[PDB]
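The block underneath contains the structure these notes are about, expressed in C-alpha cells.
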Ligand SMILES: CC(=O)O[C@H]1C(=O)[C@@]2(C)[C@H]([C@H](OC(=O)c3ccccc3)[C@]3(O)C[C@H](OC(=O)[C@H](O)[C@@H](NC(=O)c4ccccc4)c4ccccc4)C(C)=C1C3(C)C)[C@]1(OC(C)=O)CO[C@@H]1C[C@@H]2O
Ligand SMILES: Nc1nc2c(ncn2[C@@H]2O[C@H](COP(=O)(O)OP(=O)(O)OP(=O)(O)O)[C@@H](O)[C@H]2O)c(=O)[nH]1
Ligand SMILES: Nc1ncnc2c1ncn2[C@@H]1O[C@H](COP(=O)(O)OP(=O)(O)NP(=O)(O)O)[C@@H](O)[C@H]1O
Ligand SMILES: Nc1nc2c(ncn2[C@@H]2O[C@H](COP(=O)(O)OP(=O)(O)O)[C@@H](O)[C@H]2O)c(=O)[nH]1
Ligand SMILES: [Mg+2]
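Chains as they are written, first to last, in the deposited numbering: chain N, 1 to 389; chain E, 1 to 451; chain I, 1 to 433.
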C-alpha cells in the first residue's frame, strides 16, 4: 500500500458585473502561500490570516506580475495528477465553494476556449496522450459515469429514468459500488462535456434566501480508464485500471441565513454532516500520509471512518491507498459576503493544518523611523568606539 | 418607579425563580394567591412595591416575571403548585421536545417559533412599566435551552431595547463536578452572547455552594433547594436598594459604573457573609467587621477560584440591617492594610459602599438563621480567568477528535462556529492578563527636566 | 407532549412486551379492563405518553404486535392483560419464518410489512408530537430479527428525524437454542448499525447469572428475565412521564452517550436487586445503588467492562435524594477506576434524577453504559459466522429465498469494521511511533 498526499489550493476571483457596478471594496489580500482577510465592520481589531499550500490571485486579469494564470493552476495540479493516473492509481478533485465564489469557472472555464478550467484541460491532455501513445501493442479505453448524492441517497444523472434511490453494494475485491449505475464510453472530450451538461441539467436545485438556484446535493463524475497491453505472446492483459474522480461539493449553510423549514433544513443538515465527515477523513489521511512518509513506520493501519457517510464510502478507493488528492476553494472577493468567505477559509484550512502566524501591516512612518534610528545607532557606535566623537 | 423584569430560562432558571419569588412574597407580605392582607388590616401604603409586583384594581398582585422553557415538566410543576394563582397564566412553554443539551437545537432549530411569543410578552410587560431600570436574566451554562435560547433572547433584546441594562445570573460549570458530557461545548459557545450583549454577568458554582452548605450551614446532604435559596438571598441583597430606604442607596446603574473598568471585563464574583445555622447563630457577635472579613475569605467564595492568585479590580459592598457607616469605614480600613488582598495599582479607591435598613428575612422551613446584620460583596477580580482556563482545556480535549460534533451540525450550525468562539474566548482571557499587570515602572519610562 | 410508539415482533418481543405493559400499567394505575383505579394524581398527568384515551374513561396502549404465526397472539390474548390491547393491532400471518432470516426479510415479511406500516402510520398520525419508537425483538430468531430490521428500515425512511430505540436479545455462547444463530445475528446487526439511534444489548446468560447469584432464584423462568428487561425499559423513559430535579429526555441520553454515529450499542443495568430474605440486612442509600450499578456481575449483556473502557455512562435515579451525594459518588467512581474510563472525555457520566420512585421501593436507579468491551459480543459471533461460512453449512436455505452470497460478505465486513472502530479506543495510550 501507499499514502495519499492532499494539495490544498485557494483562488480568489476578479469582481463581477454587479460587484463592479456597486462601490464594494475588496477585502482579501494574498502573498506567497498565505492569505489575509479584513473584517469590514471591525477595522480596528486585526485581520485573520491563513496559510495554505497553494494560493492563487486571479483578481486582476491583465496583470503581468504574480497573476495566477489558468495554465499555471493546471500545470500545478492537474498535469501531475494525470501523470499519476497514467501510472495506474486512482485520483480525485474536490471542488468546494458557495454561491458567488466562482468555483464553476475554475472547474469548467469558459466555452470560448481562451480561459480553461481543470476538467477540459485534463480531458484534452488525456486524449492527446491516448492518441499519441497508441502503438500496435497498447490499447486504451475510457468510460464515464455521473451520479448525485442527496440526503444520503444516490441518484443517476445520466439515466433519464425515474429518480429512484439506487442501492449501494460492496464487492469483496472491487470495493464499494452502486448498482444499476449507467456506464457509457466516450470517444472525444466533446462527448464528455455534453454528458456533463446533460447531467447538470438534472441536478437537484432549490431556491434559498441567498440564491434562487443553489446546489442542494453533491455530484461525482468518474472517468474510468483502462490500459490493455499486448506483449510478445498470445496473451493480452489489462495491465492496470485507474479512476479520475471529479466531485462537486455543495457549500456549508447556516439556519439563520436560510430559515426555511421542512426539506430545506434537512438538506442543510445532511450537507453539513457530509462535509464534516469528509473533512475528518481527509485530515486523517493527510496525517497518516505525513507520518510514514518521513518516519517510514507502519502504525498498524489506524482507523479511517469511511463508513460514516455514503460520499466517503463510495470514494473509499479513490481517497485511500496509493492515490492523489487535491481540494480547490473559491473565495468571492467582495465584502458583503465576508463571513461566508471566512467560513470557506475555515473549511479549506482543515486537513494538513499548518502554521500561519500573524501578518502585521506596519505604518510606513514608524518603519522608516525605526530603520533610521538603527542606522544612526550603528554609525554613532562606530564613530564613538574609535574616539572620533 | 424603579422597576425590573425578571426572565427565567431553563430548569435552573425556573427553579431559582421559584425560590426568588417565594422570598419576594415573604418579604412584601404577599400571600401565595396574590392578595396582601397587610394593606387591608392597616389601611394602605406602598407595600405593593412596583419593583417586582404590578397591582390590579381588585387588589391582586401579579409578578413582573417571564418564565420560558422548551419542556412542559418544570413549568407544569409551577402551574399546579402552591403559587398556581400568583402568576399570570402565560408561561411561554413550547409543547414540543427540548434543546437536548444541544446549543444549536436551542438557538437555531427549536429556539424559533417561541422567541416571538416571549418577546411579545416582554413588550407587554414593558409597556405597563414606567421608568424601567433593567432586566434580570436567570439561566445556566451547559444546558441546551439555557445557553442557546438565552443567547437568542439576549441578542434580540439588545437589538430592540438597547440602552436598558441587562444583568445576568448564570451557573457556570464546576471544575470537577458535572451532570452532562457536552457541558464545555455549550459553555464555550455561549461566550459570544454573554460577552457582547450582556452588561454585567454574575457567575455561581455548585461545588462552592455545596462546600459552603457543609462547613457553614451544617447540612451534609443538600439539594438544589438550598442552592436556589442562597442565590435568591444574593439577588435580594442586590435589588433591595430600590425597594427600601437606607443611608446610602445604590441603584442598578451605579453597579455597572463602579464594577466595570472596561466593557469586556464585566464578570464579577458574588458572596454572602453571614451564612450560618441557627445553632451556631449563638456564640457569635456577627458584627460588621466579622462579616466584612468573612466576605474576603477564599473558602466563602461562590465560585471555585482562589482570589489570592489574582488582583482585585473593584469591590461593591451592600449592607443590610443594623449597620452604621462608621463601622463600615473601620472595616474597609482594616481590610486595606492586609497584604494577602492585592488591589490593582490603577484603582486606588477600589470600594463602593451601600447601606440599607431592611434586615434579611427568614423563609419558613429554611436553613439560614435570623440575623440583625448582613452584607453581600461583589468583587471584580482577575482570578476568574482561572475558572475559565480549565474549561478551555476540556474543550480542546473534545474538539481535537471532533467528538459529539455531528449532533451540533445536524441542527443548523457549522464547524467554524466552534473555532471562532474558542478564538474569542482566548481574546477575553488575554484581556484579563493585560489588565492585571502592574503599570510599567515609572510609566513615562523616566522623566525629570532641568528644574 | 412527548409520545412513544411501541412495536413488538416475534415470540421474545411479544413476551417482553406483555410483561412490560403489565409493569408500566401498575406504575400508572391501570385496571386490566382499562379503567383507572390509582391513588396519586401524578399518575394520569402524563398518561398520554404510552396510552390513548378511549371514550368511556378507558386507556388503550399504543402497542403494535407483529408475528408470522398466530400462536403467540393467542397466548398474549389469553393472559392477565390480554384484553387491554386494541384487537386491530394484532397483525399476523401464517407459515412462520422457520428461523430463517431471508423469509422474515425478503419472502414472508415483505407481504405483512404493508399492513404493519399502515397500522403504524395510523397510530403515529394521531400523535400530538411523536418523539420516537421502541422495538423489542430477538436477533437470533426468525420473524423477529428479519421483520424488525425491515420495519426499522421503513420507519427510518419515513420518519428520519425521530428517535428509534431497540431492546435486542442477542445470542449467547453457552445458552444457544437454535443452530443458525450467527447468520441471523450478523444479517441483523448489519442493518441495526445503519438505521438505529440507540440499541440496548441484552442476552439470556447475563440475566440468568443475575437471577442465580443476586436474586438467588432456584428455578428462574422466562417471566423473571422479561421482568428485568421491563424494569430497564421503564427506567429508561421514567423522566418523560414524571417530574424531577434534573430531567433527562431520550434525546438527551442519545446526545450525551453517542460520540460518533456508529457507536450506539449500550449495556443496561438496574439497581437495587436483592434476594428477598437479605433485604433486612442492607441499608438503601445512594452509595449502595452506585456500587451495585457499576458492579461487573450486575450487567445484562455478558460483556465484562473491565476488559475495555467506558466511552460514556448514564445514570437515571428515581427517588427523593440529595444531588450532592449523586454528584460526589459519580466523581468518586470516575476518579477511583480511572483506568476504565477514556482519557479524552473530561467527564463521561450523565446524571438524571426523578422524584417519584417505583411503587414498592424508596429508591431505584438505571444504568446505561457504552464501552469498548461490547466488541467481544460481536467478535464471537463473527468467529462462529466464519466457522459456518467457509463450508456453507446451511446456506442453501437462505439462497433459495432470493438472497445471494455477496450479502453475507457485506454483513461480515460491516461487523468487522464496527469491531475495529470500537477497538481503536480500547488501548490505554497512544504515544509510540
Ligand atoms: C415489597 C418490597 O419492597 O419488596 C420488593 C423486594 O423485596 C425486591 C427484592 C424486588 C422483588 O422483585 C423480585 O423478586 C424479582 C423477581 C424476578 C425478577 C425481578 C425481580 C419484588 O418482586 C418487586 C417489587 O417491585 C415493584 O413492585 C416495582 O414496582 C417494580 N415492578 C414490579 O415488580 C411489578 C411486577 C409486576 C407487576 C407490577 C409490578 C418496578 C421496578 C422498577 C421499575 C418499574 C417497576 C418490590 C417492591 C419487591 C418485590 C415484590 C418482592 C426486586 O425487584 C425490584 C425490581 O424491585 C428484586 O430485587 C429487587 C429489590 C427489592 O427489594
Ligand atoms: N444551582 C442550581 N443549578 C441547577 C439547578 N437545576 C439545574 N441546574 C444546573 O443545570 C445544569 C443542567 O442543564 P439545564 O440548565 O438544566 O438545561 P435545561 O434548562 O433543562 O435545558 P435543556 O438542556 O434543553 O433540558 C446542571 O449542570 C446544573 O448544574 C438548580 O435547581 N440549582
Ligand atoms: N479567475 C477568474 N478570472 C476571471 N473571471 C473569473 C474568474 N473566476 C471566476 N470568474 C467569473 O466567475 C463567473 C462565474 O461565476 P459563478 O458561475 O456565479 O460561480 P458560482 O455559480 O457561484 N459557482 P457554483 O455556484 O458553486 O457552481 C465567470 O463568468 C467569470 O466572469
Ligand atoms: N427473554 C426471553 N427470551 C426468549 C423467549 N423466547 C425465546 N427467547 C430467545 O429467543 C431466541 C429464539 O428466538 P425466537 O423467539 O424463536 O424468534 P422468533 O421466531 O422470530 O419469534 C432464543 O435464543 C431465546 O434465547 C422469552 O420468552 N424470553
Ligand atoms: Mg431541561
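Ideal Cβ positions, reconstructed from N, Cα and C, are used throughout, including at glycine.
{"query": "In terms of residue numbering, what span does the beta strand (DSSP E) encompassing residue 135(I) cover?", "result": "129-138"}
{"query": "Just verifying my parser: in three-state terms, what is the DSSP assignment at residue 26(I)?", "result": "helix"}
{"query": "Say whether the stretch 167-177 of chain E touches the stretch 300-313 of chain I, bearing in mind that this needs 3 or more beta-carbon pairs closer than 8 Å, one atom from each stretch.", "result": "no"}
{"query": "With a cut-off of 8 Å, do at least 3 Cβ pairs link the stretch 207-218 of chain E to the stretch 294-314 of chain E?", "result": "yes"}
{"query": "Could you say which of 277(E), 126(E), 436(E) lies nearest to residue 230(E) if we only look at CA atoms?", "result": "277(E)"}
{"query": "Compare the Cα-Cα distances from residue 203(N) to each of 172(N), 233(N), 178(N), 157(N) and report the closest residue.", "result": "157(N)"}
{"query": "Indicate whether residue 409(E) and residue 256(I) have their beta-carbon atoms separated by less than 8 Å.", "result": "no"}
{"query": "Could you name the residues whose beta carbon sits closer than 6 Å to any heavy atom belonging to ligand 1, keeping them in chain order?", "result": "22(I), 23(I), 26(I), 27(I), 215(I), 224(I), 227(I), 228(I), 231(I), 234(I), 235(I), 272(I), 273(I), 274(I), 276(I), 279(I), 358(I), 359(I), 360(I), 361(I), 364(I)"}
{"query": "Residues in its own chain within less than 6 Å of residue 216(N) by CB, not counting five upstream and five downstream?", "result": "204, 206, 267"}
{"query": "Whose Cβ in chain I lies nearer than 7 Å to the Cβ of residue 172(N)?", "result": "409"}
{"query": "With a threshold of 8 Å between beta-carbons, can residue 180(N) be considered close to chain I, or not?", "result": "no"}
{"query": "With a cut-off of 8 Å, do at least 3 Cβ pairs link the stretch 152-168 of chain E to the stretch 186-201 of chain E?", "result": "yes"}
{"query": "Go ahead and pull the three-state DSSP assignment for residue 394(E).", "result": "helix"}
{"query": "8 Å is my cut-off, CB to CB: does residue 109(E) come that close to chain N?", "result": "yes"}
{"query": "Mind listing, in chain order, the continuous alpha helix (DSSP H) runs of no fewer than 4 residues lying wholly within the stretch 179-218 of chain I?", "result": "181-192, 204-209"}
{"query": "Taking a cut of 8 Å between CB atoms, which residues from the stretch 62-94 of chain N lie near chain E?", "result": "none"}
{"query": "For residue 382(N) and residue 376(N), I'd like the C-alpha separation in whole angstroms.", "result": "10 Å"}
{"query": "Starting from residue 118(I) and walking both ways along the beta strand (DSSP E), at which residues does that stretch end?", "result": "Per DSSP, residue 118(I) belongs to no beta strand (DSSP E); it is in the alpha helix (DSSP H), 109-125."}
{"query": "Select from 216(I), 410(I), 152(I), 44(I) the residue whose C-alpha is nearest the C-alpha of residue 242(I).", "result": "44(I)"}
{"query": "Name all residues in chain order for which at least one heavy atom of ligand 4 lies closer than 5 Å to the residue's CB.", "result": "10(I), 11(I), 12(I), 15(I), 138(I), 140(I), 141(I), 142(I), 143(I), 144(I), 177(I), 204(I), 222(I), 225(I)"}
{"query": "What does residue 406(I) touch in chain N if you count any residue whose Cβ is under 9 Å from its own?", "result": "169, 170, 171, 172"}
{"query": "Quick check on the DSSP output: the alpha helix (DSSP H) that includes residue 389(I) runs from which residue to which?", "result": "374-389"}
{"query": "Using the rule of at least 16 other Cβ atoms within 10 Å of the residue's Cβ for burial, across every protein chain shown, is residue 367(E) buried or exposed?", "result": "buried"}
{"query": "Any idea what DSSP makes of residue 35(E), helix, strand or coil?", "result": "coil"}
{"query": "Can you tell me which of the three DSSP states residue 116(N) falls into?", "result": "strand"}
{"query": "Just to check, is the beta-carbon of residue 109(E) closer than 7 Å to a non-hydrogen atom of ligand 5?", "result": "no"}
{"query": "State the start and end residues of the unbroken alpha helix (DSSP H) segment that holds residue 268(I).", "result": "Where residue 268(I) is concerned, there is no enclosing alpha helix (DSSP H), although the beta strand (DSSP E) it sits in stretches over 265-271."}
{"query": "So, for residue 130(N): in the same chain, excluding its five sequence neighbours on each side, which residues have a beta-carbon less than 6 Å away from its beta-carbon?", "result": "140"}
{"query": "DSSP on residue 140(E), reduced to helix/strand/coil?", "result": "strand"}
{"query": "When you compare only the Cα positions, how much space is there between residue 321(E) and residue 359(I)?", "result": "49 Å"}
{"query": "I want to see whether chain E comes within less than 8 Å of residue 255(I), judged by CB atoms only; does it?", "result": "yes"}
{"query": "Is the closest heavy atom of ligand 3 to the C-beta of residue 352(N) under 7 Å?", "result": "no"}
{"query": "Grab me the residues of residue 343(I)'s own chain with a C-beta within less than 7 Å of its C-beta, minus the 5 sequence neighbours each way, in chain order.", "result": "none"}
{"query": "Return the residue from the list 264(E), 200(E), 183(E) that minimises the CA-CA distance to residue 430(E).", "result": "264(E)"}
{"query": "If contacts are defined as beta-carbon pairs under 8 Å, then residue 199(E) and residue 266(E) qualify, I think. What distance do you get, rounded to the angstrom?", "result": "6 Å"}
{"query": "In chain E, which residues lie with their C-beta within 8 Å of the C-beta of residue 265(N)?", "result": "109, 412"}
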